[PDB]
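*Asks:* Okay, here's the structure, questions in a sec.
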Amino acid sequence: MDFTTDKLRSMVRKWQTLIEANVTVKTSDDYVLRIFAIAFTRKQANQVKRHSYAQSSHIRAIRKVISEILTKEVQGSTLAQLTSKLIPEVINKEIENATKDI
Amino acid sequence: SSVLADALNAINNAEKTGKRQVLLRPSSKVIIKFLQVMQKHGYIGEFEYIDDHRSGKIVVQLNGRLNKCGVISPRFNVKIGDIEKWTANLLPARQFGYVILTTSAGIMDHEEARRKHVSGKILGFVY
Amino acid sequence: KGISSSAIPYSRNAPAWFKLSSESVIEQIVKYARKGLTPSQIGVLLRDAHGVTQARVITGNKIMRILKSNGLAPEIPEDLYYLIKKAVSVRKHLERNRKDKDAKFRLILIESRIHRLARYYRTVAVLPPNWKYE
RNA sequence: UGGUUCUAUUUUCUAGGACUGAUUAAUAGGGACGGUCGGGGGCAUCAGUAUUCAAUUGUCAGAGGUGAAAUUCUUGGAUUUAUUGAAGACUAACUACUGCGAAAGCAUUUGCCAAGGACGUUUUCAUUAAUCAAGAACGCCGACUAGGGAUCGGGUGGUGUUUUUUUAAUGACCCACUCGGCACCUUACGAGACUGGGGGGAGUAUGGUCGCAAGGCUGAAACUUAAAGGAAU
């Protein structure tokens with residue numbers, strides 16, 4: 001699976017940070033997959049400072065929980081189960097819910 | 001730098017910038033006597049020694065009448081016969097300002113020193 | 001340079017809620033020192049848990065004098081000891097990996113700082129002369 | 001730790017003797033601690049897609065490159081396309097009048113190794129300090145007042161929204177204050193006294209000195225001399 005280049009070029013904006021992670025996970029079959037992840041630091045509503053950067057320890061902690069919960073979503077899936085899991089974009093919702101604490 | 005020199009530097013350039021109060025820290029007996037003789041001649045107003053337990057602070061109030069403080073950094077001895085010569089060589093004019101000396105009878109200006117007839121080492125000037 | 005130090009109060013009394021004894025503090029001090037803590041650690045533990053503000057105020061004198069009068073003197077002052085062990089930790093790092101030019105530079109700085117207060121302590125003769133840093 | 005002897009009920013309690021004696025705690029300096037902070041360093045690890053090369057297909061006549069061309073490769077299949085491998089680098093956008101480092105400099109992940117700074121501190125030492133010739137490592141000004149907006153790191157307080165719950169602790173934003181930084185925009189006030197060098201800028205003249213430079217068809221001069229060429233026609 002792969003994005004088009006225009007999608008992530010349409011996502012990258014300055015005055016934020018992109019946290020990107022990747023893990024090499026073997027599924028419940030013996031397929032081994034290198035699976036990536038990108039995420040961009042939002043600014044809250046009522047935020048008046050123009051930056052909304054992460055403090056790089058928040059980046060390490062966010063990237064840690066990204067790696068842990070998506071290597072939990074693999075190993076607990078086959079290829080067909082993982083494909084049906086990442087069609088309706090719901091591992092992204094798992095990452096968002098698990099990371100809004102940070 | 002010294003401890004009398006930076007106090008007199010603060011009390012100089014604060015008055016040049018036109019403030020009505022200086023806070024100078026730290027504070028010694030020689031600083032108290034120097035401000036004592038210059039308020040005896042009317043260059044500063046009141047001043048107050050806030051005692052913290054470290055070394056002391058002074059808040060001087062000063063109106064307009066000073067235009068230069070200083071210290072003479074080698075504390076050379078002067079004589080009663082050469083008080084007039086040293087005032088002539090370092091003061092602005094003939095009767096303009098006072099040279100302040102550390103004497104046997106304490107910190108005094110030059111004209112009080114030669115009034116009660118005692119010499120000493122030079123400390124600094126005010127005019 | 002930054003201004004971040006501790007601000008000693010103007011009072012020199014016990015704070016009038018300090019109901020403990022002026023001797024049980026000394027017994028706790030010598031107990032912690034004999035179980036093996038540096039005097040700064042004695043002071044911070046005594047301040048945090050058994051709430052003596054500072055022991056020069058609440059006891060008679062400062063706690064290195066308390067330890068030296070109760071027999072628990074240091075071999076070498078705490079400043080020199082901590083700088084010595086930091087210098088030898090950097091020296092073992094340098095023998096381990098030898099392309100750390102920045103850590104060589106910090107070793108030159110730490111060794112200069114060793115020599116400065118070792119010279120001070122030697123002219124005071126806290127520690128004996130003919131002391132070298134090995 | 002050792003030893004001597006004094007009081008009343010088989011064992012209770014006792015008295016004495018030999019192996020320290022000045023201040024603070026600098027909006028000076030150092031050291032410890034705490035939660036941290038950073039693209040500071042070293043080692044190891046991980047990834048990324050380009051590029052180059054190679055293998056395998058598919059297809060066929062061109063591909064580079066230039067202002068045009070050319071050297072070069074190419075029916076023994078170049079360029080293009082797809083799959084895969086190998087190599088050496090490099091760390092795109094995020095990336096900033098931001099950060100860190102003594103400077104040169106430093107940008108992928110994770111871990112280890114030591115380090116460092118700012119902050120917090122009712123911790124500790126107590127003048128241990130500042131500047132630089134020599135030497136060593138790496139390689140509009142100042143002694144000067146106030147501010148203002150924005151930003152980076154820490155801290156305190158407030159009390160709303162994102163957060164959330166009996167697994168650990170831990171956020172993000174808003175506001176005020178405060179400390180310390182990289183800058184920016186202003187203000188007020190001060191004597192602030194890899195070594196070797198002729199003398200301003202723009203020009204002008206030259207009966208001086210040192211140079212370089214003209215003539216005149218070539219051949220062709222001792223020879224009025226060929227062929228051929230030039231010029232004008």
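How things are named: the first chain in the structure tokens is A, the next is B, and so on; residues count from 1 in each chain; ligands count from 1 in the order shown.
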As a ChimeraX atom specification, could you give me every residue of chain D near chain B (at most 7 Å apart, counting only C-alpha atoms (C1' of nucleotides))?
*Replies:* /D:24-26,145,188-189
*Asks:* Atoms to include: C-alpha atoms (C1' of nucleotides). Write the selected residues as a PDB file, in the first residue's frame.
*Replies:*
```pdb
ATOM      1  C1'   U D  24      28.026  36.290  57.425  1.00  0.00           C
ATOM      2  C1'   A D  25      26.436  33.345  53.633  1.00  0.00           C
ATOM      3  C1'   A D  26      27.617  38.321  48.078  1.00  0.00           C
ATOM      4  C1'   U D 145      18.733  53.720  31.546  1.00  0.00           C
ATOM      5  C1'   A D 188      18.528  58.297  28.011  1.00  0.00           C
ATOM      6  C1'   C D 189      23.514  59.147  29.103  1.00  0.00           C
TER       7        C D 189
END
```
*Asks:* Leaving out residue 57 in chain A and any residue of its chain fewer than 5 positions from it, which residues lie within 12 Å of it when counting only C-alpha atoms (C1' of nucleotides), given as an MDAnalysis selection string?
*Replies:* (chainID A and resid 19 62:64 102) or (chainID D and resid 36:38 170:171)
*Asks:* Go through D:15, D:182, D:106, D:138 and flag the residue nearest chain C, using only C-alpha atoms (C1' of nucleotides) for the distances.
*Replies:*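 Counting only C-alpha atoms (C1' of nucleotides), the residue closest to chain C is D:138.
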*Asks:* Set the distance at 12 Å and use only C-alpha atoms (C1' of nucleotides): which residues neighbour residue 2 in chain A once local chain neighbours fewer than 5 positions away are removed? I'd like the list as a list in words.
*Replies:* residues 7, 8, 34, 35, 36, 37 and 86 of chain A
*Asks:* Could you save those same residues with N, CA and C atoms as a PDB file, in the first residue's frame?
*Replies:*
```pdb
ATOM      1  N   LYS A   7      -0.545  13.540  -1.988  1.00  0.00           N
ATOM      2  CA  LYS A   7      -1.274  13.543  -0.725  1.00  0.00           C
ATOM      3  C   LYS A   7      -0.394  14.009   0.424  1.00  0.00           C
ATOM      4  N   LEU A   8       0.801  13.444   0.559  1.00  0.00           N
ATOM      5  CA  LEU A   8       1.630  13.884   1.671  1.00  0.00           C
ATOM      6  C   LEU A   8       2.313  15.218   1.398  1.00  0.00           C
ATOM      7  N   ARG A  34       6.960  -4.223   6.606  1.00  0.00           N
ATOM      8  CA  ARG A  34       7.400  -2.928   7.090  1.00  0.00           C
ATOM      9  C   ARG A  34       6.251  -1.959   6.892  1.00  0.00           C
ATOM     10  N   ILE A  35       5.699  -1.467   7.987  1.00  0.00           N
ATOM     11  CA  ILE A  35       4.502  -0.643   7.952  1.00  0.00           C
ATOM     12  C   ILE A  35       4.833   0.703   8.568  1.00  0.00           C
ATOM     13  N   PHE A  36       4.465   1.768   7.866  1.00  0.00           N
ATOM     14  CA  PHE A  36       4.889   3.119   8.171  1.00  0.00           C
ATOM     15  C   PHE A  36       3.734   3.871   8.805  1.00  0.00           C
ATOM     16  N   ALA A  37       4.000   5.108   9.195  1.00  0.00           N
ATOM     17  CA  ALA A  37       3.003   5.950   9.831  1.00  0.00           C
ATOM     18  C   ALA A  37       3.493   7.380   9.765  1.00  0.00           C
ATOM     19  N   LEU A  86      -7.289  -1.803   7.451  1.00  0.00           N
ATOM     20  CA  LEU A  86      -6.789  -0.531   6.950  1.00  0.00           C
ATOM     21  C   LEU A  86      -7.527  -0.023   5.723  1.00  0.00           C
TER      22      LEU A  86
END
```
*Asks:* Nearest to residue 77 in chain A: which of A:22, A:28, A:47, A:92 is it, counting only C-alpha atoms?
*Replies:*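 Closest residue, counting only C-alpha atoms: A:28.
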*Asks:* Once DSSP has gone over the backbone, tell me which residues of chain A are in helix (DSSP H, G or I), as a ChimeraX atom specification.
*Replies:* /A:5-11,57-73,79-86,90-99
*Asks:* Can you spit out the residues from that selection as a CSV table (one decimal), in the first residue's frame, using N, CA and C atoms?
*Replies:*
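Dumped to part.csv:
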```
chain,number,residue,atom,x,y,z
A,5,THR,N,2.2,10.8,-4.0
A,5,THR,CA,3.1,11.8,-3.5
A,5,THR,C,2.4,13.1,-3.2
A,6,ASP,N,1.3,13.4,-4.0
A,6,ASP,CA,0.6,14.7,-3.9
A,6,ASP,C,-0.2,14.7,-2.6
A,7,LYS,N,-0.5,13.5,-2.0
A,7,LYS,CA,-1.3,13.5,-0.7
A,7,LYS,C,-0.4,14.0,0.4
A,8,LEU,N,0.8,13.4,0.6
A,8,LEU,CA,1.6,13.9,1.7
A,8,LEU,C,2.3,15.2,1.4
A,9,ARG,N,2.5,15.6,0.1
A,9,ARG,CA,2.9,17.0,-0.1
A,9,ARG,C,1.8,17.9,0.2
A,10,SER,N,0.5,17.5,0.0
A,10,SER,CA,-0.6,18.3,0.4
A,10,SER,C,-0.8,18.4,1.9
A,11,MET,N,-0.2,17.4,2.6
A,11,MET,CA,-0.3,17.4,4.1
A,11,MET,C,0.8,18.2,4.8
A,57,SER,N,10.4,15.3,23.1
A,57,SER,CA,10.1,14.2,24.0
A,57,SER,C,8.7,13.8,23.8
A,58,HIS,N,7.8,14.7,23.5
A,58,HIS,CA,6.5,14.4,23.1
A,58,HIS,C,6.5,13.7,21.7
A,59,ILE,N,7.5,14.0,20.9
A,59,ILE,CA,7.7,13.2,19.7
A,59,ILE,C,8.2,11.8,19.9
A,60,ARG,N,9.1,11.6,20.9
A,60,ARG,CA,9.6,10.3,21.2
A,60,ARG,C,8.5,9.5,21.9
A,61,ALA,N,7.7,10.1,22.7
A,61,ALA,CA,6.6,9.4,23.4
A,61,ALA,C,5.4,9.0,22.4
A,62,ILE,N,5.1,10.0,21.5
A,62,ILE,CA,4.1,9.7,20.5
A,62,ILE,C,4.6,8.6,19.5
A,63,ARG,N,5.8,8.7,19.1
A,63,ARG,CA,6.4,7.6,18.2
A,63,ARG,C,6.4,6.3,18.9
A,64,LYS,N,6.7,6.3,20.2
A,64,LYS,CA,6.7,5.1,21.0
A,64,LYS,C,5.3,4.5,21.0
A,65,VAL,N,4.2,5.3,21.3
A,65,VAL,CA,2.9,4.7,21.4
A,65,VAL,C,2.4,4.3,20.0
A,66,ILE,N,2.9,5.0,18.9
A,66,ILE,CA,2.5,4.7,17.6
A,66,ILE,C,3.1,3.3,17.2
A,67,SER,N,4.4,3.1,17.5
A,67,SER,CA,5.0,1.8,17.3
A,67,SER,C,4.3,0.7,18.1
A,68,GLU,N,4.0,0.9,19.4
A,68,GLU,CA,3.4,-0.1,20.2
A,68,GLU,C,2.0,-0.5,19.8
A,69,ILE,N,1.2,0.5,19.5
A,69,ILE,CA,-0.2,0.1,19.2
A,69,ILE,C,-0.4,-0.3,17.8
A,70,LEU,N,0.5,0.0,16.9
A,70,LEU,CA,0.3,-0.5,15.5
A,70,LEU,C,1.0,-1.9,15.4
A,71,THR,N,2.0,-2.2,16.2
A,71,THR,CA,2.5,-3.5,16.3
A,71,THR,C,1.6,-4.4,17.2
A,72,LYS,N,0.7,-3.8,17.9
A,72,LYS,CA,-0.4,-4.6,18.5
A,72,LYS,C,-1.6,-4.8,17.5
A,73,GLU,N,-1.8,-3.9,16.5
A,73,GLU,CA,-2.8,-4.1,15.5
A,73,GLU,C,-2.3,-5.2,14.5
A,79,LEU,N,-3.1,-11.2,6.9
A,79,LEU,CA,-3.1,-10.2,5.9
A,79,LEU,C,-4.5,-9.8,5.5
A,80,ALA,N,-5.4,-10.7,5.4
A,80,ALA,CA,-6.8,-10.3,5.0
A,80,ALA,C,-7.4,-9.5,6.1
A,81,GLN,N,-7.1,-9.8,7.4
A,81,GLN,CA,-7.7,-9.1,8.5
A,81,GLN,C,-7.1,-7.7,8.6
A,82,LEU,N,-5.8,-7.6,8.3
A,82,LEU,CA,-5.1,-6.3,8.3
A,82,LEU,C,-5.5,-5.4,7.1
A,83,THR,N,-5.8,-6.0,6.0
A,83,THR,CA,-6.2,-5.3,4.8
A,83,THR,C,-7.6,-4.8,5.1
A,84,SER,N,-8.5,-5.6,5.6
A,84,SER,CA,-9.9,-5.2,5.9
A,84,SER,C,-9.9,-4.2,7.1
A,85,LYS,N,-8.8,-4.2,7.9
A,85,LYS,CA,-8.6,-3.2,9.0
A,85,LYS,C,-8.2,-1.8,8.4
A,86,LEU,N,-7.3,-1.8,7.5
A,86,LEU,CA,-6.8,-0.5,6.9
A,86,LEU,C,-7.5,0.0,5.7
A,90,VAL,N,-9.1,2.8,10.2
A,90,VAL,CA,-9.5,2.8,11.6
A,90,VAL,C,-8.3,2.6,12.5
A,91,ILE,N,-7.1,2.1,12.0
A,91,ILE,CA,-5.9,2.2,12.7
A,91,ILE,C,-5.5,3.6,13.0
A,92,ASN,N,-5.8,4.5,12.1
A,92,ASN,CA,-5.6,6.0,12.3
A,92,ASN,C,-6.4,6.5,13.4
A,93,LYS,N,-7.6,6.0,13.6
A,93,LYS,CA,-8.5,6.4,14.7
A,93,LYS,C,-8.0,5.9,16.0
A,94,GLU,N,-7.4,4.7,15.9
A,94,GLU,CA,-6.7,4.1,17.1
A,94,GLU,C,-5.5,4.9,17.6
A,95,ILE,N,-4.7,5.3,16.6
A,95,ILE,CA,-3.6,6.2,16.9
A,95,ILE,C,-4.0,7.5,17.5
A,96,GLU,N,-5.0,8.1,16.9
A,96,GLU,CA,-5.5,9.4,17.4
A,96,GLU,C,-6.1,9.3,18.8
A,97,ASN,N,-6.9,8.3,19.1
A,97,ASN,CA,-7.4,8.2,20.4
A,97,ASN,C,-6.3,7.8,21.4
A,98,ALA,N,-5.3,7.0,21.0
A,98,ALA,CA,-4.3,6.7,21.9
A,98,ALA,C,-3.3,7.8,22.1
A,99,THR,N,-3.2,8.8,21.3
A,99,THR,CA,-2.2,9.9,21.3
A,99,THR,C,-2.8,11.2,21.7
```
*Asks:* Compute the set of chain C residues within 9 Å of chain D, using only C-alpha atoms (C1' of nucleotides), and express it as an NGL selection string.
*Replies:* :C and (1-9 or 38-45 or 47 or 52-54 or 63-64 or 69 or 77-80 or 82-83 or 89-90 or 92-94 or 96-106 or 108 or 113 or 116-117 or 119-121)
*Asks:* Can you tell me, as a ChimeraX atom specification, what residues are no more than 8 Å from residue 94 in chain D when counting only C-alpha atoms (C1' of nucleotides), ignoring any on the same chain fewer than 3 positions away?
*Replies:* /A:12-14,16-18
*Asks:* CA of residue 126 in chain B and CA of residue 97 in chain B, how far apart in Å?
*Replies:*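 Separation between CA of residue 97 in chain B and CA of residue 126 in chain B: 5.6 Å.
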